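Spelled out from the first residue to the last, the chains are:
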Amino acid sequence: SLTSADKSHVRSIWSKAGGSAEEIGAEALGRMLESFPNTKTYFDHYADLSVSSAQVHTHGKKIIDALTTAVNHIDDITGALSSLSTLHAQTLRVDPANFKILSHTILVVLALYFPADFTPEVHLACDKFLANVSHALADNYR
Amino acid sequence: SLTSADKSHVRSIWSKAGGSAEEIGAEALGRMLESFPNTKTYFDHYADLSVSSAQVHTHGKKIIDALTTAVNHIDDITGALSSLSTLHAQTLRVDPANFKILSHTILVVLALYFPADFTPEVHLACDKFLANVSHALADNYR
Amino acid sequence: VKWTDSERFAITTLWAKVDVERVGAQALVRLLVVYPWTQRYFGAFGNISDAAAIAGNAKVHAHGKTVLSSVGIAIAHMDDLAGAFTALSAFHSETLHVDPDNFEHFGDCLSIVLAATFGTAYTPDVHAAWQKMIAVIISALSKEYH
Amino acid sequence: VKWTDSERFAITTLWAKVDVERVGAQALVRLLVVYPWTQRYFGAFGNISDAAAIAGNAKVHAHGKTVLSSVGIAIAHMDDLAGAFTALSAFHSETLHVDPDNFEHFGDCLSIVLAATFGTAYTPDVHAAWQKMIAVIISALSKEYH
Ligand code: HEM
Ligand code: HEM
Ligand code: HEM
Ligand code: HEM
């Protein structure tokens, strides 16, 4: 579970980044698609998978906004994300092995854009937080 | 989370096997050590790692008894196993990647000894249940 | 990979008693039930959304047998499998986009089935050799990802 | 592994600006803090039980630099790494018993550090090439497990 110190660290880095939701989310999504190309089949309906893609921008903002909501309901990530879990499991049919991939590219992007804020302990906190988010999104799969 | 149908299935197969705690646990531990030999360093203090080893028998019974306790407190696996989590994390220093390995050899042994009881749905239930046990044991690691 | 003679023999002898139909059906059935998101990858099979439907599905049966015959082929190429499986790897990556975590789910299902099928004949040493064989298969199928 | 010229160049050019000291220390620091059970494997380093102690530890620093120089060596053998790393793989398996999941924790730390170090120069394409390089390193280090 996230400790109080973890949640402070997550709220801190997210407060610093949430204003760039679209840019951050497009970088993270874009990077998932290019660095882990087995993910591209999920977004094969988009004409452009690049960071400048308007569809990648729109969807990237959705991802970061959903995480912001989780950060604001950090004591119950399960309830915040259970609807999205159903969606990814039943409608989108996303293999849940992919959740850690987007979690990783999110961390990369946070490092890239806020290197002084993303200290080792903040990374730890943010890694626990995205594992919790991923565990939550995986919960309805079986 | 485990559904009611999952918990019935777990209690069923465990009711059928719990009487053979020692034999079952020695097979599962023995098999972990031989099939996944990167685990042997954790039990390097034992003179014999074979299924007939008296130390493997004593410890195998402990493992199966701890799982039995979890099966009997199946609505709160976290509270049942938090002490063991601390122990594996702080005292034993077991890398938590190993938890899925013993989970798998437990499933193998259940299949082997109760093939007609270990139907696909029971396997599903028991796989969810041991993932939950593993997630619980991993909880105090960071 | 380097094999001991005992590993070699454990594998080929067990294999000589494997019904590739029953074992292959049962392994694939378990994959589809225990890891039900893998059902996405098998759209061609029709209704595989629940356990009784998966288990009675004749296309699940035929495909399990195909997977197990390919296992047979891996055994025949057990000294050169990375190479023998190049197309099959490439096929699972580039055409199907299977996350390779699913290869070990399948391996686990297969080992579980062999235990159920063989009982006490699936001794710890024979299990260990089969886990090594499965690990080699997994590694070969995961290779043409990079 | 097959490399494009663009991948080749992305890697060697980024590498020409890497401070193996600062990047190697920071990657290892992150490994020890974010995955704190890896601390068990590094008993020789003394007190590495908390973040400020890990980060100020001169043995953590020296060892991070060693890991990054080995990364340098992988780059120099990027067409034959499975082979070049055989002893190093064998060493991590048979002497140290490192679970190979930890190789990807380390890879992730390294990519994170390169992003922090390089900022916008770590473009998606350069990140993709580096992830491929890390995946090759991981695969090479995991190989002498079977
Ligand atoms: C932190 C993890 C994740 C979060 C927070 C997240 C969030 C979301 C949200 C909020 C939507 C709905 C957007 C809308 O209403 O328009 C969505 C859709 C989607 N997600 Fe995710 N997701 C995550 C992981 C993944 C992964 C790993 C994949 C695939 C590799 C994936 C694939 C999709 C797809 C295909 C859609 C439909 C998007 C579209 O049609 O344009 N998601 N996700
Ligand atoms: C389902 C997962 C697991 C359960 C339920 C379990 C349970 C236990 C229990 C109850 C004990 C204490 C026994 C006593 O008081 O004498 C224990 C000790 C131990 N566990 Fe586990 N454990 C699990 C997984 C693992 C794994 C995966 C490893 C290593 C690969 C491991 C290594 C140990 C070791 C080294 C000890 C000390 C045993 C001794 O000193 O003889 N455990 N475990
Ligand atoms: C681990 C061992 C596995 C082996 C040995 C194996 C082998 C095979 C073979 C031999 C074929 C026939 C290919 C051809 O036509 O040339 C095949 C097809 C296929 N495999 Fe696998 N496979 C494995 C795991 C998986 C997993 C885990 C998935 C998905 C979760 C998967 C999905 C498929 C699909 C979708 C096809 C095409 C089936 C169709 O006809 O509709 N495989 N596989
Ligand atoms: C992923 C890339 C990694 C590389 C490239 C790497 C490379 C190296 C190298 C070059 C050495 C020096 C070996 C020698 O003396 O010949 C070494 C030592 C070592 N590595 Fe790694 N390693 C990696 C990951 C890991 C991980 C993840 C762990 C543990 C979690 C680990 C644990 C060790 C230990 C314990 C030593 C001995 C250190 C000592 O002097 O006390 N390594 N490694």
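Residues numbered from 1 in each chain as written, not as in the entry; some residues may be left out. Chains lettered and ligands numbered in written order. Heavy atoms only, no water.

X-ray crystallography is the method the PDB entry lists for this structure, together with a resolution of 2.20 Å.

Draft legend 1. Quick look at the overall build of chain C. Within chain C, the secondary structure is distributed over 8 helices and 0 strands. Element order for chain C, N to C, with α for helix and β for strand: α-α-α-α-α-α-α-α. Here chain C has a C-alpha radius of gyration of 15 Å; the compact-globule value for 146 residues is 15 Å, and the two agree. Structurally, chain C occupies a C-alpha span of about 45 × 40 × 20 Å along its principal axes. Counting only residues that meet the buried cut, chain C has 55% of its 146 residues in that class. If you average the places of the 10 positive and of the 14 negative side-chain charges in chain C, the two averages end up 5 Å apart. (Helix = DSSP H or I, 4+ residues; strand = E, 2+ residues; numbered from the N terminus. Rg over C-alpha atoms; globule rule 2.2 N^0.38 Å. Buried < 20%, exposed > 50% of the residue type's maximum accessible area, 1.4 Å probe, protein only. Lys, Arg positive; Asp, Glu negative; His and termini not counted. Charge placed at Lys NZ, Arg CZ, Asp CG, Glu CD.)

Draft legend 2. Main features of the site of ligand 4. Residue and element names in this part refer to chain D. Around ligand 4, a shell composed of 16 residues is seen, among which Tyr-41, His-63, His-92, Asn-102 and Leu-141 lie nearest. Within the side chain of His-92, a nitrogen or oxygen atom sits 2.9 Å from a nitrogen atom of ligand 4. Going through the elements one at a time, α4 (58-76), α6 (86-95) and α7 (101-118) are the ones with two or more residues in the shell around ligand 4. Grouping the amino acids of the shell around ligand 4 by side-chain chemistry returns 11 nonpolar, 5 polar and no charged. (Near = heavy atom within 4 Å. Polar contact = N/O pair within 3.5 Å; in protein donor to acceptor, adjacent residues only side chain to side chain. Nonpolar A, V, L, I, M, F, W, Y, C, P; charged D, E, K, R; others polar.)

Draft legend 3. Representation of the site of ligand 2. All names here are of chain B. Around ligand 2, a shell composed of 17 residues is seen, among which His-45, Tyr-46, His-59, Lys-62 and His-88 lie nearest. Here an oxygen atom of ligand 2 and a side-chain polar atom of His-45 are 3.2 Å apart. Within the contact set of ligand 2, an oxygen atom lies 2.9 Å away from a side-chain nitrogen or oxygen of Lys-62. At the level of secondary structure, the elements contributing two or more residues to the shell around ligand 2 comprise α3 (54-72), α4 (77-91) and α5 (99-113). No other element matches the 4 residues that α3 contributes to the shell around ligand 2. Residue classes in the shell around ligand 2 are distributed as 12 nonpolar, 4 polar and 1 charged.

Draft legend 4. How the structure looks around the environment of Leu-81 of chain A. Residues and elements named next belong to chain A. Considering the arrangement of structural elements, one finds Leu-81 in helix α4 (residues 77-91). When its relative accessible area of 3% is taken as the criterion, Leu-81 is described as buried. Residues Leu-81 and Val-133 lie 52 residues apart in sequence; the distance between their C-alpha atoms is 7.6 Å. Residue contacts for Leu-81: discarding those within four places in its chain leaves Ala-66, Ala-70, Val-133, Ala-136 and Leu-137. (Contact = heavy atoms within 4.5 Å.)

Draft legend 5. Geometry of the coordination of the iron atom of ligand 1. The protein supplies the iron atom of ligand 1 with one donor atom, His-88 of chain A (NE2), which lies at 2.2 Å. Tracing the backbone shows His-88 of chain A in helix α4. (Donors = N, O, S within 2.8 Å, 3.2 Å for Na, K, Ca; no water.)

Draft legend 6. Just the coordination of the iron atom of ligand 3, in detail. Coordination of the iron atom of ligand 3 by the protein involves just one donor, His-92 of chain C (NE2), at a distance of 2.2 Å. The topology assignment puts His-92 of chain C in helix α6 (residues 86-95).

Draft legend 7. Examining the packing of helix α1 (residues 4-17) of chain A against helix α3 (residues 54-72) of chain A more closely. Residue and element names in this part refer to chain A. Their axes nearest at 10 Å, the elements α1 and α3 cross at an angle of 145°. Once α1 is placed against α3, the crossing between them reads as left-handed. Contacts between α1 and α3 involve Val-10, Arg-11 and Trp-14 from the former and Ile-64, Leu-67, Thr-68 and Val-71 from the latter. Broken down by class, the residue content of the contact of α1 with α3 amounts to 5 nonpolar, 1 polar and 1 charged. (Axes fitted to C-alpha atoms, helices over the stretch in contact; angles between N-to-C directions. Left-handed = near helix turned anticlockwise from the far one by under 90°.)

Draft legend 8. Here's a closer look at α4 of chain B. Residues and elements named next belong to chain B. End to end, α4 covers 21 Å across 15 residues, agreeing with the expected 21 Å (1.5 Å per residue, within 8%). Taking the largest bend as the criterion, α4 deviates by roughly 40°, centred on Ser-83. Turning to α4, its buried residues number three or more, namely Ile-77, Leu-81, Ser-85, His-88 and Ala-89. Those residues of α4 that are buried lie in contact with α3, α5 and α6 (120-138). The opening residue of α4 is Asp-76, an N-cap whose side-chain oxygen sits 3.3 Å from the backbone nitrogen of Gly-79. (Expected span 1.5 Å × (residues − 1). Bend = angle between axes of the 7 residues up to and from the residue.)

Draft legend 9. Quick peek at the environment of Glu-21 of chain C. All names here are of chain C. Examined against the element boundaries, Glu-21 turns out to sit in helix α2 (residues 20-34). For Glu-21, a relative accessible area of 44% corresponds to the partly exposed category. Sequence separation between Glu-21 and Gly-64 is 43 residues; the distance between their C-alpha atoms is 7.0 Å.

Draft legend 10. Structural context of the interface of chain B and chain D. At the interface, 10 residues of chain B touch 14 residues of chain D. Taken as a group, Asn-38, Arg-93 and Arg-142 of chain B account for 46% of the area that chain B buries against chain D, more than any other trio of residues on that side. Applying the counting criterion to the chain B and chain D interface returns 1 salt bridge. Residue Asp-101 of chain D is joined to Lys-100 of chain B by a salt bridge in which the shortest nitrogen-to-oxygen separation is 3.2 Å. Between chain B and chain D we count 6 residue pairs in polar contact in total. For the side of chain B that touches chain D, a count of residues per class yields 4 nonpolar, 2 polar and 4 charged. (Buried area = accessible area lost by both parts, 1.4 Å probe. Salt bridge = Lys/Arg side-chain N within 4 Å of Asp/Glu carboxyl O.)

Draft legend 11. Quick peek at the interface of chain A and chain D. Counting residues at the interface gives 20 residues for chain A, matched by 21 residues for chain D. Interface of chain A and chain D: buried area, both sides summed, is about 1,700 Å²; carbon and sulfur atoms make up 67% of it. Linking chain A with chain D are 0 salt bridges, by the criterion used here. Our count for the contact surface shared by chain A and chain D stands at 4 residue pairs in polar contact.

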